[PDB]
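# Analysis of the macromolecular model
Single-letter residue listing:
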Protein chains: 2
Amino acid sequence: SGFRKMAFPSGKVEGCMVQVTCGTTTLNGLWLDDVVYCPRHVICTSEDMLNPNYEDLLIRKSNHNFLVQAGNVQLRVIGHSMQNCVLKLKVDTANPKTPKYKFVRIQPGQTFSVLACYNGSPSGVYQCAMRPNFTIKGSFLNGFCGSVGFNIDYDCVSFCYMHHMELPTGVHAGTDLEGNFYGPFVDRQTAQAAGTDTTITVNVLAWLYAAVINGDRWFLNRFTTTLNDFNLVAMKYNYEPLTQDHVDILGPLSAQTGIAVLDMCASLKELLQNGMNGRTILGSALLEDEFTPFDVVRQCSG
Amino acid sequence: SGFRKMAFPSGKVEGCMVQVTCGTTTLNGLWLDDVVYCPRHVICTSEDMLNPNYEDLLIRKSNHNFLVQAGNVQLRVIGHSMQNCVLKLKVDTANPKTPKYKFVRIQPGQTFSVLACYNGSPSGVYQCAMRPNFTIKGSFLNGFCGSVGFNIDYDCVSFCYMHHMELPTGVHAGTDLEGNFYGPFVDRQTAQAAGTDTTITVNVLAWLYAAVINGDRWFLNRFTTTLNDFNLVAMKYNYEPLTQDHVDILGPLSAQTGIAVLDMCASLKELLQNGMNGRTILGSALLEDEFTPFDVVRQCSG
């Protein structure tokens, strides 16, 4: 038993991480087959970032301006190009450690593991949620740009995130591996508003189910509610509305515990309205929303 | 910026994980050079665990009664012995993925990464602290015994933990890689008392320093204190006593922030005496003690 925020094993991804340097900027690249993927902003100087014309900036760059290092081996860049906000460096050697992989665009509320890397060297691994407002609350210092997020399904590594920017508010924004930003963000050093960030209701419910499975049952009550009434309360506390799709996704956890989803919603309703009274749930003094129903089932069934 | 509990990249460890089977019992082993390390209780049936005589149980086993599989690759067991609470199985083939490694017995309050594995297959990675009462709060289901804890310095993996037991209180106990239990625990299914679970004071302080560096400053007050006075308060709240060694370890964080260690202690003292007033620090509604000063510096310095 026990319940922990748990990242996927990072080995398959570690073998794809490289260092990309362009002028004075060093960041991380992802080496799959004979292509290194990294943020296009590597081309820019601190000055360029205020208002970069990437098309023009890219044109002035040559293959020899890109230093790529896989540990001690320098890789030879034989071409460069741009797909949305990601730079693709063609190298003369295919990565022999390329795992089975796909590129996927995740939905808000879904989770993934981040392999935080410093100038091409893996530094650590942690689990994140894509917030409803398409930011993540990560940990990225200088040299951590281009660090990637992923899920591992069976054999396949599903890459879903590449880190590009820290917003002035200190949250993080990035792209999928086709270089399209999550949310309204751009790779320009301007002030950029993130939306109001709501709590991921379906994940809070899943984590309440995890709590019950792990023996923490105090918050269970003998009230119920309807979806509609629960959502009136959710709206008030900046919780995402709950839908029938969400209820359906929680079905297995409901089945396992014998607690109907709308009964769990009534428990959540009370916790929202009355607070937690200085009690904890699974070692937390607040309601946790960075576990999906899948995440809970994966860790409660092993 | 940002601050997150992060584990070391698990790749070097994943390559050492094997499945060990003895009779009907399967668990994890650690394959380094030509030795596989696992919990001795692999020899035991559910019934044996109530009161096992391991010496006698082991004597009825031969080399061929241990099935060791590294993914699909069968290892041939050419010797076996018991070292304290760990079995050492000598195999014909040295693990070609053996990283540089050490065995270390960690101190209470030190942190490490756990690679949670099911029957030889890596499942997930998370960061733990060795509690002052020599338990850890992990996540381990059936078949997760023999999962290991480690730290990585550069290329060297320092293995410090192997999982063996869940106590009836739901916390976890295990050994170092020489098979000596942390704390008073035994590999027997009996009731076993963990001590009072005290809070790791030096780590709470480190994390307060991380909060300041990241701009979360509300709890800073205009008081100071002495070690002795602070410790009278610590004792009362089941905090470990603070020593000059602890103050010394906090030196770099004090230097960075301009906040004297005893001033930070007075802030902590007020938080202990007055609570947090439903406020958060670094996204937490309670005081966090599972980051060491090293952990903080590593993630704030870059």
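First things first, this report covers the structure right here in the doc. (Residues numbered from 1 in each chain as written, not as in the entry; some residues may be left out. Chains lettered and ligands numbered in written order. Heavy atoms only, no water.)

## Quick look at the sheet that holds strand β4 (residues 66-70) of chain A
Residue and element names in this part refer to chain A.
- Reading across from one edge, β5-β4-β1-β2-β3-β7-β6 is the order of the seven strands in this open sheet, with antiparallel pairing throughout. On the outer flanks of this sheet lie β5 (73-75) and β6 (77-83), each paired with one strand and no other. Averaged over neighbouring strand pairs, the angle between their axes works out to 30° when direction is ignored.
- Across five bridges, the pairing between strand β3 (residues 35-39) and strand β7 (residues 86-91) is antiparallel. Counted as the bridge partner of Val35 is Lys90 from β7. (Pairing = 2+ DSSP bridges. Helix = DSSP H or I, 4+ residues; strand = E, 2+ residues; numbered from the N terminus. Axes fitted to C-alpha atoms, helices over the stretch in contact; angles between N-to-C directions.)

## Observations regarding empty space enclosed by the protein
- On inspection of all chains with the given rule, the structure shows two cavities of 30 Å³ or more.
- Reported here for the largest cavity is a volume of approximately 70 Å³.
- Together, A:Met6, A:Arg298, A:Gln299, A:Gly302, B:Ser123, B:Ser139, B:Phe140, B:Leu141 and B:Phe144 line the largest cavity.
- In terms of residue class, the lining of the largest cavity is built from four nonpolar, four polar and one charged. (1 Å grid on protein atoms, 1.4 Å probe; cavity = no way out; pocket = protein on both sides within 12 Å on 5 of 7 lines; lining within 4 Å. Points joined across faces, edges and corners; volume = space filled by probe spheres on them. Nonpolar A, V, L, I, M, F, W, Y, C, P; charged D, E, K, R; others polar.)

## Considerations on the interface of chain B and chain A
- At the junction of the two partners, chain B supplies 38 residues and chain A supplies 37 residues.
- The three residues of chain B that bury the most area against chain A are B:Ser1, B:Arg4 and B:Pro9, which together make up 25% of that side's buried surface.
- Applying the counting rule to chain B against chain A returns zero salt bridges.
- Counting only elements with at least two residues in the side of chain B that touches chain A, the list comes to α1 (11-14), β9 (111-118), β10 (121-129) and α8 (293-301) of chain B.
- Looking at the side of chain B that touches chain A, the element that brings in the most residues is β10(B), giving seven residues.
- Of the residues belonging to the side of chain B that touches chain A, the class tally is 17 nonpolar, 15 polar and six charged. (Contact = heavy atoms within 4.5 Å. Buried area = accessible area lost by both parts, 1.4 Å probe. Salt bridge = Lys/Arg side-chain N within 4 Å of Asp/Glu carboxyl O.)

## Topic: the packing of aromatic side chains
- Under the criterion given, the structure shown has 20 aromatic pairs over all chains.
- Taken together, the ring pairs connect A:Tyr37, A:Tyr101, A:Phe103 and A:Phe159 into an aromatic cluster.
- Taking NZ or CZ as reference, A:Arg40 lies 3.8 Å from the ring centre of A:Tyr54, over its face.
- Of note, B:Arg105 hangs over the ring of B:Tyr182, and the distance from its end group to the ring centre comes to 4.6 Å. (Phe/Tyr/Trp six-rings, centres within 6.5 Å; stacked < 30°, edge-to-face > 60°. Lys NZ or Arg CZ within 6 Å of the ring centre and 35° of its normal.)

## Quick notes on the packing of helix α3 (residues 201-213) of chain A against helix α7 (residues 261-274) of chain A
Residues and elements named next belong to chain A.
- One way to put it is that α3 packs onto α7 with a least axis distance of 10 Å and a crossing angle of 100°. If you check the angle between α3 and α7, you find them roughly perpendicular. Residue-level inspection shows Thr201, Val204, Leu205, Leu208, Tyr209 and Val212 of α3 in contact with α7, the latter providing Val261, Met264, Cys265, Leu268 and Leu271.
- Here the contact of α3 with α7 is built from residues that sort into ten nonpolar, one polar and no charged. (Parallel < 35°, antiparallel > 145°, perpendicular 65-115°, else oblique.)

## Notes on unusual backbone geometry
- One non-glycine residue, A:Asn277, lies in positive phi territory at about 60°.
- Within the secondary structure, A:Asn277 is located in the loop between α7 and α8 (293-301).
- By relative accessible area, which is 71% here, A:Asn277 ends up exposed.
- A positive phi angle, near 55°, is found at B:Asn238, a position not held by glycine.
- Mapped onto the elements of the fold, B:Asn238 is located in the loop between α4 (227-236) and α5 (244-249).
- With a relative accessible area of 39%, B:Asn238 lands in the partly exposed category. (Buried < 20%, exposed > 50% of the residue type's maximum accessible area, 1.4 Å probe, protein only.)

## Section: the relation of the copies chain B and chain A
- By a simple turn and slide, chain B fits onto chain A: the slide is 0.0 Å along the axis, the RMSD is 0.5 Å, and the turn is 180°. Here the two chains are linked by the operation of a two-fold rotation axis. Across chain B, the rotation axis passes nearest the C-alpha of B:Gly11, at a separation of 1.7 Å.
- Mapped onto chain A, 95% of the interface residues of chain B again fall at the interface, so both copies present the same surface. (Least-squares fit on C-alpha atoms.)

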